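# Understanding the architecture of this molecule
What follows is the residue order along each chain.
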Amino acid sequence: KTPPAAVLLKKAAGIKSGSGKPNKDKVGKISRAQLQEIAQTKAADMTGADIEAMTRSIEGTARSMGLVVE
Amino acid sequence: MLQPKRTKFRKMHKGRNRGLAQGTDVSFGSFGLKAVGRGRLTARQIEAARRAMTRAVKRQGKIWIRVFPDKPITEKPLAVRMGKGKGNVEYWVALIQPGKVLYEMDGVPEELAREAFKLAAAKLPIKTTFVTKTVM
Amino acid sequence: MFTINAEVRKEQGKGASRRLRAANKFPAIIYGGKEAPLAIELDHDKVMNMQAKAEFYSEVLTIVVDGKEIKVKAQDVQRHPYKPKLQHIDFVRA
Amino acid sequence: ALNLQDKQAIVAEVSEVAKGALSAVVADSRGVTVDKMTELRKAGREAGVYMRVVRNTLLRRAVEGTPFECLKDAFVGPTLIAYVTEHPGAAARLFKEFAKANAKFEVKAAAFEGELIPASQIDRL
Amino acid sequence: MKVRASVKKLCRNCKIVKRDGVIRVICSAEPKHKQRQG
RNA sequence: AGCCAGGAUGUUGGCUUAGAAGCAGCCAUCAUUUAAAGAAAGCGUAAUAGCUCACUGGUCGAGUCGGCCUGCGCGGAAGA
Ligand SMILES: [Mg+2]
Ligand SMILES: [Mg+2]
Ligand SMILES: [Mg+2]
Ligand SMILES: [Mg+2]
Ligand SMILES: [Zn+2]
C-alpha cells in the first residue's frame, strides 16, 4: 500500500515522532498543500469521493498525533 | 472532628427533639442531602459521611455541611453506680429534625452527586433523601 | 401561559386545611391591588406539575374562579418539609 | 433514532428523485463490505445512477407517488435502490455484473414503463 | 454461593430470579457470581 | 423481545514497549464511505488473528420503557 498517514505527516512537519500528548503538546505544523499531496497519495489509498474528504481524514490523522495545520 | 471551639457551659440537659427543621432548602449549592427521619448525628458520623462523598467526587466541585454538632453528650463509665454527679462529656451531637438539609454540593453533574450522596447516606443513622435547588 | 382552576373556600383554619390536603387539594390565597384578599383551593397535582418549570415563578398566570379570570404572579410558596408537595401559595394580582 | 420530520424529509427526497428517474432497480444489499459499496457508489456516480439504502416502510411512501406501486412487493428483504435519472438502464447492467462478480446478495426486482420486471428478465434492461 | 442479606447485579450477565420464597442471582458466565439472599 | 445480515477506510491514530494492531498504560478521539459501524462495551492473542457489543437494514406485527407518590406483602429473622 501507500505509506501510512502518520509517516507522511511525520515527514511533512519535519519531525521524527508525533506528540506523546496529542492536542496538548503541539509537535509541528503542515500547510494545506502538504495535506492535499499527502491526501493524494492517501487518495490512491482512501475511500473518499472528494479531495476535501481525504484531506479531512488526513486532518484527523494530523490532530490525533498532535500536529497543527499552518 | 467537628466540635465547638469553646462554650459557655460544659454539660447540658438531655432535652427533647421535636418539631420540624429550619432551613429545609438549599441555600448554597445546586444539590443537597436532606434528612427525612429524626435523630442525632454524632461528629464522627458527619466526618465519615463527608469523607465518603469527598472520595466519590474525587475532590472536585464544592461541599458544604449545614449541620454542626454543638450539643455535648455524657457517659458514666463502666462499673459506676447511679448518682454521684453527672457523667463526663464523651462526644458531641447535632439534633436533626425531619426536613433538615445536611450536606450541599455543586460544581458536579447530577448523576455523580446522586451516587455520592448515596454513599454518604450509607454512613448515617437517619433516613435521608436527595433534593435539588428550586427557584423561589 | 399556565392556567389554574380554583374554587373559593367555604371554611378556613387548621382543620379545614389539613382535611383539604388529605383530599389532595391545597389552600392558596390571592391578594394585592384594590380588592379584598381571595382565599382559594387548588388541585395539588396540576400545580405540582406546573411549578416544576421556571416560567411558573417568573410569569403571569391566570386563575379561573367561578368562570372569572384573574391574572397573577407567584409570590411566595410554602413547601411541605420533607415531601415533594406544596403547603400553600401566595399570588399577587398582576 | 429519527424524528418524524427527518423521515418526512427523507420520503420527500426519495419521492423527488423517483419523479425524475427513468429506470429503478431494487436489489438486496446484504453481505457486502462498505469498500465494495464505495466502489458501487463510484461506478454509480459514474453512470449518473442514484443509489440509496432506506427503510422499506419509507420506500412504500416514496413509491406510492406513482408509477412505482408495483415495487411494494420487492421491498420484502433489505432494499438498495438504484435510480437512473440521466439515461435509462446501465444500473441493470452494473447490478448483475456486481451480483455475479461478488456472488453476494440478490438483485430481486426492477421497474420500467410503469411495470415490474422479475429477477430473471431484467436482462431486457 | 455467597449467602447474604443484600443481593445485586454485578454485571449484565447476572439475572435475578425468585425461587421458592428466596431471591437468587444466577450468572451464565461466572459461577463465582452466584448469590442467595438469606 | 427473538431471529437473519452488516459492524467498513485512513489505521497497526500518536506516545510507550521486545510486542500494544479498539482491547497494559498515557494523550487525542478526529475524518471518511455510509442504512449503520466507539480511534471501540466485554472476552481473546507473545502482538495479531478470532468471539461478541454499541449502531443499522430485514423479518415479525402492538403495545412497550422508567420514574413519581403511595397500600399490602417477601427476605433480613439463630437457644437451651
Ligand atoms: Mg421542653
Ligand atoms: Mg387539632
Ligand atoms: Mg428446594
Ligand atoms: Mg426488533
Ligand atoms: Zn457475571
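The rules behind these values
- Residues numbered from 1 in each chain as written, not as in the entry; some residues may be left out.
- Chains lettered and ligands numbered in written order.
- Part of a larger assembly, values for the part shown.
- Heavy atoms only, no water.
- UniProt positions renumbered as here; feature names shortened; annotations may be inferred.
- Helix = DSSP H or I, 4+ residues; strand = E, 2+ residues; numbered from the N terminus.
- Rg over C-alpha atoms; globule rule 2.2 N^0.38 Å.
- Contact = heavy atoms within 4.5 Å.
- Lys, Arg positive; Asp, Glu negative; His and termini not counted.
- Charge placed at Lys NZ, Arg CZ, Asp CG, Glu CD.
- Buried < 20%, exposed > 50% of the residue type's maximum accessible area, 1.4 Å probe, protein only.
- Pairing = 2+ DSSP bridges.
- Buried area = accessible area lost by both parts, 1.4 Å probe.
- Nonpolar A, V, L, I, M, F, W, Y, C, P; charged D, E, K, R; others polar.
- Near = heavy atom within 4 Å.
- Polar contact = N/O pair within 3.5 Å; in protein donor to acceptor, adjacent residues only side chain to side chain.

As deposited, the entry is annotated with cryo-EM as its determination method and 3.33 Å as its resolution.

The record lists its title as "RNC in complex with a translocating SecYEG". In its Function (literature references left out) section, the UniProt entry covering chain E states "One of the last ribosomal proteins to be assembled in the 50S subunit, it contacts a number of helices in the 23S rRNA, acting as molecular glue. The simultaneous presence of uL16 and bL36 probably triggers ObgE's GTPase activity and eventual dissociation from the mature 50S ribosomal subunit."

Per the PDB entry, chain C goes by 50S ribosomal protein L25 and derives from Escherichia coli. The annotation that UniProt attaches to chain C under Sequence similarities is "Belongs to the bacterial ribosomal protein bL25 family."

## A short note on the overall build of chain C
Scanning chain C from N- to C-terminus turns up 3 helices and 6 strands. Along its sequence from the N terminus, chain C presents helices and strands in the succession β-α-β-β-α-α-β-β-β. Taken over C-alpha atoms, the radius of gyration comes to 13 Å for chain C, in line with the 12 Å a tight globule of 94 residues would show. For chain C, the spread of C-alpha atoms along the three principal axes comes to 30 × 30 × 20 Å. Within chain C, counting contacts between residues at least 6 apart in sequence, those at least 24 apart form 51% of the total. Between the centroid of the 17 positive side chains of chain C and the centroid of its 12 negative side chains there is a distance of 5 Å.

## Side note on the pairing of strand β6 (residues 100-106) of chain B
All names here are of chain B. Burial within β6 is extensive, with 6 of its 7 residues counted as buried. In this sheet, β6 lies alongside strand β1 (residues 31-35) in antiparallel orientation, the contact comprising 5 bridges. Its bridge partner being in β6, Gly32 is matched across the sheet by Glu104. Two elements, strand β3 (residues 62-65) and β6, share 4 bridges in a ladder whose sense is antiparallel. The residue of β6 that forms the bridge with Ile65 is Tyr103.

## Some details on the interface of chain D and chain A
Residue-level contacts link 4 residues of chain D with 4 residues of chain A. Contact between chain D and chain A buries roughly 240 Å² in total, counting both sides, with carbon and sulfur atoms accounting for 50%. The largest per-residue losses of area from chain D upon contact with chain A belong to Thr38, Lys42 and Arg45 of chain D, which jointly make up 82% of the total buried on that side. Here the residues of the side of chain D that touches chain A sort into no nonpolar, 1 polar and 3 charged.

## Some words on the protein's contact with RNA strand F
Taken together, 51 residues form the shell around RNA strand F, and within it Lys1 and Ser64 of chain A together with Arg30, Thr38 and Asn56 of chain D come nearest. In RNA strand F, the atoms that sit within 4 Å of the protein are 78% sugar and phosphate, with bases accounting for the remainder. Within the side chain of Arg41 of chain D, one N or O atom sits 3.1 Å away from a phosphate oxygen of RNA strand F. Contact between RNA strand F and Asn56 of chain D: a phosphate oxygen at 2.6 Å from a main-chain N or O atom of the residue. Counting residues per element, the ones that place at least two in the surface near RNA strand F are α1 (5-12), α2 (32-45) and α3 (51-64) of chain A together with α2 (34-46), β2 (49-53) and α3 (56-63) of chain D.

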